[PDB]
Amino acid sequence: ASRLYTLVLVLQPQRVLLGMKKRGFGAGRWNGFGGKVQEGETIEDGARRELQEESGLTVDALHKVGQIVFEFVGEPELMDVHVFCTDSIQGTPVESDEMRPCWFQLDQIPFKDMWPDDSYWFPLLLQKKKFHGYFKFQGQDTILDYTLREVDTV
């Protein structure tokens, strides 16, 4: 049993866009933009929708860069997160009720205030490598097990 999620990182040559989640799941942490995939939309449609809802941004093209599966102890559904990246965006990021966006220089990524798994796979993202990851969480702070490998096809 799994549920589809999206995560979108706007990565430009010297900077990456992150949003500070202000309520709900993962509140109080920086992350890319995204969320649940709905019935009746493709995964990529969902990524675009969440990007627009959370930042006002639209994009020309989204590129598949990763897939990460999360298990939370005691929770029946696995989280199947499809991770996308893009360089060219359309518009200027604006704050939503969900997210407060900011640009970060690539050597100033706030890992201590991000999901812990990001510390493991974000470098691969910045190095433009495609990846498959798995992280087992107890609660929201503790990684119990994980696997991470580069792949050819996401």
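When you see a residue number, it is the position in the sequence shown, counting from 1. Think of the rigid core as the biggest set of C-alphas that the two forms share within 1.5 Å after superposition.
Peer 1: Which is farther from the shown form in 6 other deposited structures of this protein in C-alpha RMS with the core fitted, 89-97 or 102-110?
Peer 2: Most displaced of the pair in 6 other deposited structures of this protein: 89-97.
Peer 1: Pick between 105-113 and 33-41: the one whose mean CA B-factor in the entry is higher.
Peer 2: According to the PDB entry, the answer is 105-113.
Peer 1: Please compare 64-72 with 93-101 and name the stretch with the higher mean C-alpha B-factor in the deposited structure.
Peer 2: The recorded data point to 93-101.
Peer 1: Compare the CA B factors listed in the entry for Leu148, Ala1, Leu4, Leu7 and report the winner.
Peer 2: When the deposited C-alpha B-factors of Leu148, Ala1, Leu4, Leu7 are compared, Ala1 is largest.
Peer 1: Going by the CA temperature factor in the entry, name the top one among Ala47, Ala27, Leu124, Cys85.
Peer 2: Top of the list by C-alpha B-factor: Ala47.
Peer 1: Ranking every modelled residue in this chain by its Cα temperature factor as given in the entry, which third contains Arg23?
Peer 2: It falls in the top third of the chain.
Peer 1: If you rank the chain by CA B-factor, which third does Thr58 end up in: lowest, middle or highest?
Peer 2: Within its chain, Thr58 is a highest-third residue by C-alpha B-factor, going by the deposited values.
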